[PDB]
Q: 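Next up is a structure, given as structure tokens.
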Amino acid sequence: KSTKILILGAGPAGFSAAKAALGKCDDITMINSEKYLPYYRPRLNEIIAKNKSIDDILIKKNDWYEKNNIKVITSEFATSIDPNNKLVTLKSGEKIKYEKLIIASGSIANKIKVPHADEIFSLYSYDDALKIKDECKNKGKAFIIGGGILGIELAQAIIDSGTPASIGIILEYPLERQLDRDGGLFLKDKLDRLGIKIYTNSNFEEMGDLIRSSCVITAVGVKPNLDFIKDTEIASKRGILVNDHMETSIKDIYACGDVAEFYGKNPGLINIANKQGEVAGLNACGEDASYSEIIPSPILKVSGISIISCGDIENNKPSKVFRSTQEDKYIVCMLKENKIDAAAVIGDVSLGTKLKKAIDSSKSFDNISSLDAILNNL
Ligand SMILES: Cc1cc2nc3c(=O)[nH]c(=O)nc-3n(C[C@H](O)[C@H](O)[C@H](O)COP(=O)(O)OP(=O)(O)OC[C@H]3O[C@@H](n4cnc5c(N)ncnc54)[C@H](O)[C@@H]3O)c2cc1C
């Protein structure tokens, strides 16, 4: 088999490339390791929370790919790329020739060892969600290891489905990449009075009884899924390195979405997948579109508590810090001279957005004597 445009991976990024290539190129093939068409992966929590199926989260149904003549090979996994012969080798041993290759292979969950746990689950795929659904009914409760957004959202989804759940983290407070200590503890409190318990400073060896009796899910982050490039000269660091055209180190090979690293950024967000996938498809069909960095992200969809975080909060060495704790909201604002370098707000997206804009536009503040004076100049 041989095609014009070969798309390696059929998630949101791959889908967006196919859609972009439509009308412009007339021979498009998508390879996907899963047995499902491209689906809106961030809604996996709804499979758990609302008992929705794959059909409810698919981006396009079968008929769309047929009407548009896009060929999807499901349950097939690329293992090798031969760039000079333009051949991709699959798990079966079958080879596919391409004129252009778009790598859209997304991410893979970080795997950690958890003491006392026979089976460790993580939530990446639709099949993952189902496995979690069933163990939660089987065990009767869940224990989520990992201090991030996804771990918290999953806990609520599992609560919503009708199963108790709590979280275990190794640090003192959750969300340490997005929040300072006081921010995280503010969040922990709000989550704890909402029935989402977080075990802090955990030693999992000492949590045998809970671990044993729970469905254990690790939510410890994700990395670009790119082992199949190992023998090639395709440049990578964390992700596959791409320019603004989504072109890799190697001619006629592109990458986009979760697998791709653009000016050192690999944020792992769906709007980036959609937009990078689009640019890749367009370029693969000979239209020299440029991706520009977009990215805001209002987190998180959890327990009706909203968070926006901007800049390097975790390791910030600011000249000045302004903090506000209220009943409904938490604000932290970190200065570098007369500029806001980093900020996070819990419970006021309107304010977080103003701080975001100030940071992004690099607004200078001639008055830094008080938080009030900064707020008035946003
Ligand atoms: C539970 C969960 C919640 C999320 N919530 C949010 C959110 O709120 N906001 C947000 O912005 N993002 C969220 N995300 C992330 C979002 O889903 C991703 O950014 C987006 O799916 C990336 O799309 P992608 O096409 O680059 O990668 P993927 O969605 O991972 O798709 C890549 C596809 O390629 C396949 N593949 C991998 N290797 C091969 C290979 N060797 N050969 C052939 N096929 C291969 C994979 O099976 C996969 O189907 C969430 C993710 C998860 C898992």
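Just so it is clear, the values below take in all heavy atoms, side chains as well, and ignore hydrogens, waters and symmetry mates. We're numbering straight along the sequence, starting at 1.
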Q: Side-chain contact, heavy-atom cut-off 4.5 Å: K301 with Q156?
A: no

Q: Using only atom types and a distance under 3.5 Å, with no angle test, would you say the side chain of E172 pairs donor to acceptor with the backbone of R181?
A: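 Between the backbone of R181 and the side chain of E172 there is no qualifying donor-acceptor contact (under 3.5 Å).
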
Q: Verify the cluster assignment for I5 and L8: are they in a single hydrophobic cluster under the rule of side-chain heavy atoms below 4.5 Å apart?
A: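 Shared cluster, no.
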
Q: Using the six-membered ring wherever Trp is involved, compare the ring planes of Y65 and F15 and label them parallel, tilted or perpendicular (cut-offs 30° and 60°).
A: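 If you compare the ring of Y65 with that of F15, the planes turn out perpendicular.
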
Q: Shortest non-hydrogen contact from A109 to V222?
A: CA-CG2, 3.8 Å

Q: Enter the distance from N274:CG to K19:NZ here, rounded to the nearest 0.5 Å.
A: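 Here the rounded value is 8.5 Å.
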
Q: Under the side-chain hydrogen bond (donor to acceptor under 3.5 Å, both in side chains) criterion, do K133 and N51 qualify, and how do the steps go?
A: CA-CA 9 Å; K133 277 199 82 195; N51 188 43; 2.7 Å; yes

Q: Are the side chains of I250 and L101 in touch, meaning some heavy atoms are under 4.5 Å apart?
A: no

Q: Could you check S350 against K354 for side-chain hydrogen bond (donor to acceptor under 3.5 Å, both in side chains), going step by step and ending with a plain yes or no?
A: CA-CA 7 Å; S350 180; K354 287 177 180 75; 3.0 Å; yes

Q: So which of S80, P83, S249 actually passes side-chain contact (heavy atoms from CB on, under 4.5 Å) with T232?
A: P83

Q: Would you verify whether the NZ or CZ of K197 falls within 45 degrees of the ring axis of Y199 while also being under 6.0 Å from that six-membered ring's centre?
A: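 Yes; both conditions hold, so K197 lies above the ring face of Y199.
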
Q: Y39 vs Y126 aromatic rings, parallel, tilted or perpendicular, using cut-offs 30° and 60°?
A: perpendicular

Q: Ignoring hydrogens and geometry, is there a side-chain-to-backbone donor-acceptor pair from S303 to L191 under 3.5 Å?
A: no

Q: Write down the atom of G14, the atom of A104, and the distance for their closest heavy-atom approach.
A: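 Looks like N-CB, 3.5 Å.
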
Q: Determine whether a donor-acceptor pair (N or O, by modelled atom type, separation under 3.5 Å) exists between the side chain of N32 and the backbone of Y36.
A: yes

Q: Please report the C-alpha distance between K339 and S362 in whole Å, then the side-chain angles of each, then the deciding distance to 0.1 Å, and finally whether the side-chain hydrogen bond (donor to acceptor under 3.5 Å, both in side chains) criterion is met.
A: CA-CA 6 Å; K339 305 202 162 189; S362 181; 2.8 Å; yes

Q: To the closest 0.5 Å, what do you measure between NZ (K336) and NZ (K317)?
A: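 Reported value, rounded in 0.5 Å steps: 10.0 Å.
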
Q: With a cut-off of 6.0 Å (strictly less than), are more than 12 heavy atoms of other residues, nucleotides or ligands near CZ of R212?
A: yes

Q: Mind checking the CG-NZ spacing from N266 to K223? Nearest 0.5 Å is all I need.
A: 11.0 Å

Q: Can you tell if the side chain of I307 reaches within under 4.5 Å of the side chain of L175, non-hydrogen atoms only?
A: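 When only atoms from C-beta onward are counted, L175 and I307 do touch, with a gap below 4.5 Å.
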
Q: Is there a path of hydrophobic side-chain contacts, each under 4.5 Å between heavy atoms, that joins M246 and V259?
A: no

Q: Taking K100 for its side chain and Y98 for its backbone only, find out whether a donor-acceptor pair lies under 3.5 Å.
A: no

Q: So that I can tick it off, tell me whether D180 and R323 are bridged by a salt bridge, with the cut-off set at under 4.0 angstrom between side-chain N and carboxylate O.
A: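 Salt bridge: yes.
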
Q: Under a 3.5 Å cutoff, is there a donor and acceptor pairing between the side chains of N316 and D341?
A: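 A pair is found: one side chain offers a donor N or O, the other an acceptor, under 3.5 Å apart.
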
Q: Does any N or O in the side chain of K237 come within less than 3.5 Å of the main-chain N or O of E261, such that one atom is a donor and the other an acceptor?
A: no

Q: Evaluate whether atom CG of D328 has more than 12 neighbouring non-hydrogen atoms of other residues, nucleotides or ligands under 6.0 angstrom away.
A: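 Atom CG in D328 is packed in, count exceeds 12.
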
Q: Looking at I270, is its backbone amide N or carbonyl O close enough to the side chain of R41 to form a donor-acceptor pair, meaning the two atoms are under 3.5 Å apart?
A: no

Q: Are the side chains of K95 and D82 in touch, meaning some heavy atoms are under 4.5 Å apart?
A: no

Q: Side-chain heavy atoms nearer than 4.5 Å, only ILVMFWY residues, links allowed to pass through others: does that put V345 and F365 together?
A: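 In one cluster: yes.
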
Q: Answer yes or no: is there a donor N or O on one side and an acceptor on the other, between the side chain of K86 and the main chain of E99, under 3.5 Å?
A: yes

Q: I'd like to know if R43 pairs up with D56 as an ion pair, taking the criterion as any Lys NZ or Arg NE/NH1/NH2 lying under 4.0 Å from an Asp or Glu carboxylate oxygen.
A: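 Not counted as a salt bridge, because no side-chain N and carboxylate O are separated by less than 4.0 Å.
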
Q: Between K141 and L210, is there a side-chain heavy-atom distance shorter than 4.5 Å?
A: yes

Q: Using the rule side-chain contact (heavy atoms from CB on, under 4.5 Å), only one of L187, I299, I196 pairs with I305; which is it?
A: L187

Q: Rounded to the nearest 0.5 Å, what's the gap from CZ on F77 to CG on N225? Could you check?
A: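 If I round to the nearest 0.5 Å, the distance is 6.0 Å.
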
Q: Tell me if a side-chain donor or acceptor on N283 pairs with a main-chain N or O of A289 at a distance below 3.5 Å.
A: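 Yes.
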
Q: Given the rule in the side-chain contact (heavy atoms from CB on, under 4.5 Å) test, do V279 and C256 qualify, once you have shown the distances and angles that lead to the verdict?
A: CA-CA 8 Å; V279 166; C256 50; over 6 Å; no

Q: Would you say the side chain of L44 lies within less than 4.5 Å of the side chain of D128, judging by non-hydrogen atoms?
A: no

Q: Determine, for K230 against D227, whether the closest basic-nitrogen to carboxylate-oxygen distance falls under 4.0 angstrom.
A: yes

Q: Any ion pair linking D27 and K71 (charged N to carboxylate O, less than 4.0 Å)?
A: yes

Q: Under a single-linkage definition using a 4.5 Å side-chain heavy-atom cutoff for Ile, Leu, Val, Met, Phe, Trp and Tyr, are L282 and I7 assigned to the same hydrophobic cluster?
A: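 No, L282 does not connect to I7 through the hydrophobic network.
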
Q: Hey, is the main chain of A373 close enough, under 3.5 Å, to the side chain of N367 for a donor-acceptor pair?
A: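 The answer is no, because no donor-acceptor pair under 3.5 Å joins these two groups.
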
Q: From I120 CD1 over to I112 CD1, what is the distance, rounded to the nearest 0.5 angstrom?
A: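 Answer rounded to 0.5 Å: 7.5 Å.
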
Q: Measuring from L371:CG to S324:OG, what's the distance to the nearest 0.5 Å?
A: 6.5 Å

Q: Any heavy-atom pair between the side chains of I346 and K190 that's under 4.5 Å?
A: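 SC-SC contact between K190 and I346 ruled out.
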
Q: Please answer whether the main-chain N or O of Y330 pairs with a side-chain N or O of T325 as donor and acceptor at a distance below 3.5 Å.
A: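 Answer holds: no.
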
